[PDB]
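So this first bit is one chain, no partners, the form deposited without the named molecule, shown in structure tokens.
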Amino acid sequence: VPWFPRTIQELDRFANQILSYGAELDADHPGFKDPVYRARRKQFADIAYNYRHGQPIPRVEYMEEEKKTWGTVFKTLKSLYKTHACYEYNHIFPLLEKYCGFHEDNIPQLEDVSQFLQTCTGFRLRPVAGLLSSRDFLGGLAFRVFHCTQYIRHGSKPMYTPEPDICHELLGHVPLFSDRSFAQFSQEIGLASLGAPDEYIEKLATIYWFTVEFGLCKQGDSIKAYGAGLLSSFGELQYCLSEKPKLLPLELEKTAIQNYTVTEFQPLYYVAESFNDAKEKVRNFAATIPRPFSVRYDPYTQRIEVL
């Protein structure tokens, strides 16, 4: 059985198991030829490298150029949320603006955002430099821990990123973690992953793609976006609620094996009835994963109980 963390501090092992040779090193990265941007990325990676559970997340002073990039992404996306984002998103966004400094001329600091999520649902952030394995990323969710980038995309192409950057995490992921039902749903995926065989990890990663990253949900008689990758994509957020894509009900035996690509708009989305119903479905799917034990998180001690 694969090793998995049993205490929240044990997530500290992940930082020495990331992909070391990251996207910003590629010839086609928007910032590839910018040595200043290169050094900035390395500085953020070093903060995540040295971070340890329990510490406050170091604050960073963002440059004017970084704030400009943030403000372009923020103001162009914000125009779609009232109409395209789910209720839970719009409900919390004004509080993020009031208490977390979410505004076009200011990049929120992860420590503030983390304390805010803690008050809402117990979720917390940890800074992460580069790409975690699916197993390690998902396992953090068991503890209501979200590994979060601190860096920003290159300012030459503000509307484009080949990777999660701080605009994706804060405008795409964070608002849903403020919701109890969504937090329980995403934690359920994390719990399903612990000690699961690699073959089932890939399936959970695919369910994750079609829910947390690109999911749509029913809302009264309508349909709204909740996936992080939709909420942080101006073009795909408008497309996903148009007549063009195909929609199917969330059905995890099907969703789990569905292929997808990361470089175009999704041709197909799965619709969740609700976050509670998705959570039930994940729980049922997880019972089908060959594991010689069952797992439960204890938030009082921040430990996983293994039976």
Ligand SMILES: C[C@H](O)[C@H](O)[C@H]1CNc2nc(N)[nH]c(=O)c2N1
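Don't overthink the numbering: it's just position in the shown sequence, from 1.
What comes next is about the form solved in complex with the named molecule, which is not displayed.
A.B. asks: Where the named molecule sits in the entry with it bound, superposed onto the shown form by the site's C-alphas, are 3 or more of its atoms within 2.4 Å of backbone or C-beta (blocked), or none (open)?
C.D. replies: In the entry with it bound, the named molecule occupies a site that, on this form, remains open once the ligand is superposed onto it.
A.B. asks: The named molecule isn't shown here, but in the entry with it bound which of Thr149, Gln187, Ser178, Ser114 has a heavy atom within 4.5 Å of it?
C.D. replies: Answer to the contact question: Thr149.
A.B. asks: Taking 4.5 Å between heavy atoms as the contact cutoff, choose which of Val128, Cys217, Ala85, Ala142 touches the named molecule in the entry with it bound.
C.D. replies: Partner contact (heavy atom, 4.5 Å) among the options: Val128.
A.B. asks: At 4.5 angstroms, heavy atoms only, are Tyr200, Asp277 and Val295 all close to the named molecule in the entry with it bound?
C.D. replies: Not a single residue of the candidate spot has a heavy atom within 4.5 Å of the named molecule in the entry with it bound.
A.B. asks: Please identify, from 104-112, 218-226, 205-213, 117-125, the stretch that has a heavy atom within 4.5 Å of the named molecule in the entry with it bound.
C.D. replies: In short, 205-213.
A.B. asks: Applying a 4.5 Å heavy atom distance criterion, does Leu95 contact the named molecule in the entry with it bound?
C.D. replies: Because no heavy atom of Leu95 falls inside 4.5 Å of the named molecule in the entry with it bound, the answer is no.
A.B. asks: Taking the named molecule as it sits in the entry with it bound, is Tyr89 in contact with it (heavy atom to heavy atom, 4.5 Å or less)?
C.D. replies: Although the named molecule is absent here, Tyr89 would stay clear of it in the entry with it bound, with no heavy atoms inside 4.5 Å.
A.B. asks: Is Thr72 close enough to the named molecule in the entry with it bound to count, meaning some heavy atom within 4.5 Å?
C.D. replies: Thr72: no contact with the named molecule in the entry with it bound.
A.B. asks: Is there a non-hydrogen atom of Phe182 within 4.5 angstroms of a non-hydrogen atom of the named molecule in the entry with it bound?
C.D. replies: Close contact is absent here: in the entry with it bound, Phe182 is far from the named molecule, nothing within 4.5 Å, heavy atoms only.
A.B. asks: Is any part of 158-188 within 4.5 angstroms of the named molecule in the entry with it bound by a non-hydrogen atom, and which residues would that be?
C.D. replies: Read in sequence order, the residues that approach the named molecule (within 4.5 Å, in the entry with it bound) are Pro164, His168, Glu169, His173.
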